[PDB]
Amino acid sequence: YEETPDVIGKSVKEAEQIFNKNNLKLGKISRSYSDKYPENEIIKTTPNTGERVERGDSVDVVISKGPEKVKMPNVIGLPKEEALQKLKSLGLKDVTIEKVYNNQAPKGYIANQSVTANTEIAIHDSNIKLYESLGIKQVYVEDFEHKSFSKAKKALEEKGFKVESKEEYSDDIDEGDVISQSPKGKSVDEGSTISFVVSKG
């Protein structure tokens, strides 16, 4: 009894006018993600273009809600391969893993994600950068057994650690050098605490 006029790619507003102008009244506006059509253009009608409709009949449309979009999972504290799969199943597959140091997250675990958790994010051009954990950094402890503890504080601090010390008398180590040192220099560890015995005089 009549073509469904064509409204694919038009606003709802222009669509009613083409419908009304044809005796049809639109009615029933649903929405979708489209690859192909920009947000707000129409994608599909449901008698369907040029398919038969009766006059006074209504025709439903489905409008584009822009492109395919999703709520970012949280993956902080998951192990790397699990984290990657949470997002594979979700459509997030453009993922760059960047290894870094960390005082919370297990070696191998995700410390931190690019795009913030539970935001909605578009499977189009999501450059997902994930920060994997390496451990805490090992720094080196230069030995100071003999030598101005006064300087040595300054080394050690500037650089990782905090430094703790107490005083003994020695007539075998100049008032102020170092009688002993705690983490036996020349290993490497965290931002830990180096303890000193300093000749008191």
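All residue numbers are counted from 1 along the displayed sequence.
Engineer: Please compare 6-14 with 180-188 and name the stretch with the higher mean C-alpha B-factor in the deposited structure.
Structural biologist: Averaging CA B-factors over each stretch, the winner is 180-188.
Engineer: Where do the C-alpha atoms have the higher mean temperature factor in this entry, in 112-120 or in 70-78?
Structural biologist: Stretch with the greater average CA B-factor: 112-120.
Engineer: Among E168, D172, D143, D60, single out the one with the highest C-alpha B factor in the record, please.
Structural biologist: By C-alpha B-factor in the record, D143 ranks first.
Engineer: Which of these has the highest Cα B-factor in the record: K147, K44, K36, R52?
Structural biologist: Reading the PDB entry, the winner on C-alpha B-factor is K147.
Engineer: Looking at the C-alpha B-factor of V139, is it in the lowest, middle or highest third of its chain?
Structural biologist: For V139, the deposited C-alpha B-factor lands in the highest third.
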